[PDB]
Amino acid sequence: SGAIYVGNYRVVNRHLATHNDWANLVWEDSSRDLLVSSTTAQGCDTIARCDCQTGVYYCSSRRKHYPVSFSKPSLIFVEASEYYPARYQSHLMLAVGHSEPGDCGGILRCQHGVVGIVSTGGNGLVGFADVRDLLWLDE
Ligand SMILES: COc1ccncc1CC(=O)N1CC[C@H](C(N)=O)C1
Ligand SMILES: [Zn+2]
């Protein structure tokens with residue numbers, strides 16, 4: 001679990017969005033596994049605006065932050081799970097690292113700020129849903 005809190009927005013994995021997030025929906029995209037809902041309070045996370053390919057992510061299944069190298073956002077085949085059938089997920093970045101289903105929501109950060117959140121993984125990989133292209137998160 002986990003979310004990014006920037007301005008009056010809350011960014012979560014779409015598959016983990018609550019019925020309360022859908023009522024307060026701003027934008028969602030099933031192909032990216034993202035949902036953004038509006039908040040009453042102002043958030044303080046800064047979104048990165050960069051092309052960094054190294055960063056640090058939080059892994060809740062190890063209670064540890066790990067440094068990683070990750071691929072640029074791309075269209076990647078993601079195996080079936082209880083939340084989606086087997087499909088291509090867009091704007092996804094992969095790294096070699098540990099992840100379990102419940103690690104979704106953990107933040108990936110670089111020197112510039114938040115890059116994205118854990119969204120996919122298994123078999124020694126971890127995938128992150130990029131948020132750096134969502135320029136409107138800053139307004
Ligand atoms: C961190 O994800 C995992 C880690 C280990 N085995 C499996 C997984 C993958 C997983 O459970 N999901 C839930 C839906 C999500 C998606 N974006 O399609 C992928
Ligand atoms: Zn960066």
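Method of structure determination, per the deposited record: X-ray crystallography was used for this entry, reaching 1.385 Å resolution.

So what's going on with the layout of surface pockets? Residues and values would help.
Roughly 580 Å³ of volume is contained in the largest pocket. Lining the largest pocket are 25 residues, with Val-78, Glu-79, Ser-119, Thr-120 and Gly-121 sitting closest to its centre. Those elements that provide at least two residues to the lining of the largest pocket are strand 6 (74–78), strand 7 (87–96) and strand 9 (113–122). Examining the composition of the lining of the largest pocket, we find that 4 residues originate from one element, strand 9, more than from any other. The residue inventory of the lining of the largest pocket, partitioned by class, reads 11 nonpolar, 9 polar and 5 charged. Summarising the domain contributions, the lining of the largest pocket has at least three residues from each of domain 1 (3–44) and domain 2 (45–139).

Tell me about the site of ligand 1, and please be specific about residues and values.
Lining the immediate environment of ligand 1, one finds 17 residues, of which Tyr-84, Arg-87, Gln-89, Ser-119 and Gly-121 sit closest. Here a nitrogen atom of ligand 1 and a side-chain polar atom of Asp-33 are 3.4 Å apart. In the complex, 87% of the free accessible area of ligand 1, which totals 450 Å², lies under the protein chains. In this structure the site holding ligand 1 corresponds to the largest pocket. Among the elements that line the shell around ligand 1, the one with the most residues is strand 9, at 5 residues.

Explain the coordination of the zinc ion (ligand 2) to me, and be specific about the residues and the numbers.
Around the zinc ion (ligand 2), the protein supplies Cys-50 (SG), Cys-52 (SG), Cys-110 (SG) and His-112 (ND1) as donor atoms, at distances of 2.1 to 2.4 Å. Its 4 donor atoms give the zinc ion (ligand 2) angles of 99 to 117° at the centre, a pattern that matches the tetrahedral case. All donors of the zinc ion (ligand 2) come from a single chain, and their spacing in sequence reads C-x1-C-x57-C-x1-H. Within this pair, whereas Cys-50 is found in the loop between strand 3 (34–44) and strand 4 (54–59), its partner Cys-110 is found in strand 8 (residues 107–110), the two being separated by 60 residues in sequence. Look at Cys-50 and you get partly exposed, because its relative accessible area is 23%.

So what's going on with the domain arrangement of the protein chain? Residues and values would help.
Accessible area lost upon the coming together of the parts is a frequently used measure of interface size. You can read the domains of the protein chain as domain 1 (3–44) and domain 2 (45–139). The C-alpha centroid of domain 2 is placed 16 Å from the C-alpha centroid of domain 1. Summed over both partners, the interface of domain 1 with domain 2 comes to about 1900 Å²; 59% of that surface belongs to carbon and sulfur atoms. On the domain 1 side of the contact with domain 2, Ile-4, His-15 and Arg-32 bury the most area, a combined 34% of that side's loss. The interface formed by domain 1 and domain 2 contains 1 salt bridge. Note that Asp-133 and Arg-32 form a salt bridge whose closest N and O atoms lie 2.7 Å from each other. Counting across the domain 1 and domain 2 interface gives 11 residue pairs in polar contact. Breaking the side of domain 1 that touches domain 2 down by element, the ones donating at least two residues are strand 1 (4–13), strand 2 (25–29) and strand 3.

Reading the values: rules and limits
Residues numbered from 1 in each chain as written, not as in the entry; some residues may be left out. Chains lettered and ligands numbered in written order. Heavy atoms only, no water. 1 Å grid on protein atoms, 1.4 Å probe; cavity = no way out; pocket = protein on both sides within 12 Å on 5 of 7 lines; lining within 4 Å. Points joined across faces, edges and corners; volume = space filled by probe spheres on them. Helix = DSSP H or I, 4+ residues; strand = E, 2+ residues; numbered from the N terminus. Nonpolar A, V, L, I, M, F, W, Y, C, P; charged D, E, K, R; others polar. Domains from an automatic or database assignment. Near = heavy atom within 4 Å. Polar contact = N/O pair within 3.5 Å; in protein donor to acceptor, adjacent residues only side chain to side chain. Areas by Shrake-Rupley, 256 points an atom, 1.4 Å probe, with all protein chains shown as cover. Sits in = over half its atoms within 2 Å of the grid points. Donors = N, O, S within 2.8 Å, 3.2 Å for Na, K, Ca; no water. Tetrahedral: all angles 85-135°; square planar, octahedral: opposite > 155°, others 65-115°. Buried < 20%, exposed > 50% of the residue type's maximum accessible area, 1.4 Å probe, protein only. Buried area = accessible area lost by both parts, 1.4 Å probe. Salt bridge = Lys/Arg side-chain N within 4 Å of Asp/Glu carboxyl O.

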